[PDB]
Every structure is written in C-alpha cells, then in structure tokens.
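Inspection log for the structure reproduced underneath, given as structure tokens.
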Amino acid sequence: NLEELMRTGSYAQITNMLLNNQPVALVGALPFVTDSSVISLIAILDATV
Amino acid sequence: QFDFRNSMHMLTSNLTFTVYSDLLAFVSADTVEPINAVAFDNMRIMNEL
Amino acid sequence: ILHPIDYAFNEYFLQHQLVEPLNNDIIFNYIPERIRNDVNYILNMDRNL
C-alpha cells in the first residue's frame, strides 16, 4: 500500500523486495508515462523506474 | 652498560585505520509527518483533529 | 632499539590500545533502543564503514 508506505516512511520491505527481485504490486493512485516506442519496449525501460 | 642484543626489539602494530568520533553522523534519521505521529499505544498522539 | 624500561612503556602502549573495530551494527546498537523501536523515527545506515 503506497499510501501506508508514504505515511510511515519506512522503506524496508519495499527496499528488500526491489533488491531481491521479489515480484510485487505497488498499489496506489500513480501517474504514468504513455510510451509508444517498440524500441523502448525491447529495451525494457519500464523495469528501470 | 649498553647491550645491543638486549636493546634490539621488534614492535608490531596495525598498518592503518581511521578513528571516528561522532558515531551518529553515519545515522540518517527522518521523522514521520507530525500530524500522524503515534504514541506508545500506536494511536495518534493528538487525536482531536 | 630501546632501553628495557622504554620498551616496557612502548610495548604496553602498543598492546593496550583503546581503539576497537567499528561497524554499522555498533552504530545501530549505539542508537538508543527506545528511539530505534519508535515508529515515528526512520533510521537508515546509508553509509559504508
């Protein structure tokens, strides 16, 4: 829960998951960038954010 | 009387190290937003808002 | 090359140094425990020792 994460400020669980590549779902109201480049998709830019 | 054999010694120590003093400049501490700061019982300290 | 007395003094100094190894564990334990357990303060070891 990104709302709870932002309220509490403790980035331990999320840091560990990101470092260990544990699949997860960050839930919240997020803005998104619409990209239409097949080259970007191949380059896997969505995974670098 | 000066005796070389009895005066010649071998002194051993470490090659190099750094001695720190603050011991807390290595700790990066942030505070949760004061409005939602909880007391020992895990409820907001000021809950009349 | 030292007199026996001088060597005694220097050997004592060398063998009884007050410095001890320092690690993030030592820094974390130096942080007061109640502050560590308080959820209002977010503490991170963002420095490499």
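Chain labels follow the order of the structure tokens: the first chain is A, the next B, and so on; residue numbering restarts at 1 in every chain, and ligands are counted from 1 in their shown order.
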Counting only C-alpha atoms, what is within 12 Å of range 18-24 of chain A, bar same-chain residues fewer than 2 positions away, as a list in words?
-> residues 1, 11, 12, 13, 14, 15, 16, 26, 27, 47, 48 and 49 of chain A
Counting only C-alpha atoms, which residues of chain B come no farther than 8 Å from chain A, as a ChimeraX atom specification?
-> /B:32-33,36
Extract the full set of alpha helix (DSSP H) residues from chain C according to DSSP on the backbone, and format it as a list in words.
-> residues 4, 5, 6, 7, 8, 9, 10, 11, 12, 13, 14, 15, 24, 25, 26, 27, 28, 29, 30, 33, 34, 35, 36 and 37 of chain C
Include N, CA, C and O atoms and write out the residues we just selected as a compact mmCIF listing (two decimals), in the first residue's frame.
```txt
# COMPACT_ATOMS: atom_id res chain seq x y z
N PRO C 4 65.30 -1.29 28.22
CA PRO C 4 64.21 -2.17 28.68
C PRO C 4 63.02 -1.42 29.24
O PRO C 4 61.88 -1.81 28.97
N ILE C 5 63.23 -0.34 29.99
CA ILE C 5 62.10 0.41 30.55
C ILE C 5 61.32 1.11 29.45
O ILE C 5 60.08 1.09 29.42
N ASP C 6 62.03 1.76 28.53
CA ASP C 6 61.37 2.41 27.40
C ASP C 6 60.57 1.40 26.60
O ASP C 6 59.45 1.68 26.16
N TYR C 7 61.15 0.22 26.38
CA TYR C 7 60.45 -0.82 25.65
C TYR C 7 59.22 -1.29 26.41
O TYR C 7 58.20 -1.60 25.80
N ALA C 8 59.31 -1.38 27.73
CA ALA C 8 58.13 -1.75 28.51
C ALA C 8 57.01 -0.75 28.29
O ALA C 8 55.86 -1.13 28.03
N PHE C 9 57.32 0.54 28.36
CA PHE C 9 56.29 1.56 28.16
C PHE C 9 55.70 1.47 26.76
O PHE C 9 54.48 1.46 26.58
N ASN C 10 56.56 1.39 25.74
CA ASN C 10 56.08 1.37 24.36
C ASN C 10 55.30 0.10 24.07
O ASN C 10 54.28 0.13 23.36
N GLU C 11 55.75 -1.04 24.60
CA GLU C 11 55.03 -2.29 24.41
C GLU C 11 53.67 -2.24 25.06
O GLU C 11 52.69 -2.74 24.50
N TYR C 12 53.57 -1.66 26.26
CA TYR C 12 52.26 -1.51 26.88
C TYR C 12 51.35 -0.66 26.02
O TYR C 12 50.19 -1.00 25.79
N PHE C 13 51.87 0.47 25.52
CA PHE C 13 51.06 1.32 24.66
C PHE C 13 50.59 0.56 23.43
O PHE C 13 49.43 0.68 23.02
N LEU C 14 51.47 -0.22 22.81
CA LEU C 14 51.12 -0.94 21.60
C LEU C 14 50.10 -2.04 21.87
O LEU C 14 49.19 -2.26 21.07
N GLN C 15 50.24 -2.75 22.99
CA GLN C 15 49.41 -3.90 23.28
C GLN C 15 48.08 -3.53 23.91
O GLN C 15 47.18 -4.38 23.95
N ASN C 24 28.42 -0.94 11.28
CA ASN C 24 27.05 -0.46 11.31
C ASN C 24 26.27 -1.10 12.45
O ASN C 24 25.36 -0.48 13.00
N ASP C 25 26.62 -2.33 12.83
CA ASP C 25 25.97 -2.95 13.98
C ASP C 25 26.26 -2.17 15.26
O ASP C 25 25.36 -1.93 16.07
N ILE C 26 27.52 -1.76 15.45
CA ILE C 26 27.88 -0.99 16.63
C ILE C 26 27.17 0.35 16.62
O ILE C 26 26.67 0.81 17.66
N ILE C 27 27.11 1.01 15.47
CA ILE C 27 26.40 2.29 15.39
C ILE C 27 24.92 2.10 15.72
O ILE C 27 24.33 2.89 16.47
N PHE C 28 24.30 1.06 15.16
CA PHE C 28 22.89 0.82 15.39
C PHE C 28 22.61 0.55 16.86
O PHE C 28 21.64 1.07 17.42
N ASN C 29 23.46 -0.25 17.51
CA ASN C 29 23.28 -0.50 18.94
C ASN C 29 23.56 0.74 19.77
O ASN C 29 22.99 0.90 20.85
N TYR C 30 24.45 1.62 19.29
CA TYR C 30 24.69 2.87 19.99
C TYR C 30 23.47 3.77 19.93
O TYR C 30 23.23 4.56 20.86
N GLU C 33 17.76 2.38 22.25
CA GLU C 33 16.85 1.32 21.82
C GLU C 33 15.42 1.83 21.67
O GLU C 33 14.72 1.45 20.72
N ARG C 34 14.96 2.67 22.60
CA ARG C 34 13.59 3.16 22.52
C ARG C 34 13.39 3.98 21.25
O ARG C 34 12.35 3.87 20.59
N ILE C 35 14.37 4.80 20.88
CA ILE C 35 14.29 5.54 19.63
C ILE C 35 14.25 4.58 18.45
O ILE C 35 13.50 4.78 17.49
N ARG C 36 15.05 3.51 18.51
CA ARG C 36 15.06 2.54 17.42
C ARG C 36 13.69 1.90 17.24
O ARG C 36 13.23 1.71 16.11
N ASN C 37 13.03 1.56 18.34
CA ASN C 37 11.73 0.91 18.24
C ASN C 37 10.60 1.88 17.95
O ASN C 37 9.54 1.45 17.48
```
Interface, chain B side, toward chain C (8 Å; only C-alpha atoms) as a ChimeraX atom specification | /B:4,6-9,11-13,19,23-24,26-32,37-38,40
At what distance in Å, to one decimal, does CA of residue 18 in chain C lie from CA of residue 16 in chain B?
->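 Computed distance, CA of residue 16 in chain B to CA of residue 18 in chain C, equals 15.0 Å.
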Could you pull the residues within 12 Å of residue 46 in chain A, counting only C-alpha atoms, minus those fewer than 4 positions along the same chain, as JSON, numbers by chain?
-> {"A": [32, 33, 34, 35, 36, 37, 38, 39, 40, 41, 42]}
If you run DSSP on the backbone, which residues of range 18-48 of chain B are strand (DSSP E or B), as a list in words?
->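 DSSP-assigned strand (DSSP E or B) residues in range 18-48 of chain B: residues 28, 29, 30, 31, 38 and 44 of chain B.
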Output of the above residues as a compact mmCIF listing (two decimals), in the first residue's frame, restricted to C-alpha atoms:
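Written file, out.txt:
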```txt
# COMPACT_ATOMS: atom_id res chain seq x y z
CA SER B 28 20.41 9.28 8.68
CA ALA B 29 17.27 9.97 10.70
CA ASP B 30 13.96 11.30 9.40
CA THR B 31 10.71 11.97 11.24
CA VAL B 38 1.66 7.82 17.13
CA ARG B 44 -2.10 9.37 17.16
```
CA of residue 47 in chain B sits from CA of residue 29 in chain A at a separation of 26.5 Å
What is the distance, in Å and to one decimal place, between CA of residue 41 in chain B and CA of residue 28 in chain A?
-> 27.4 Å
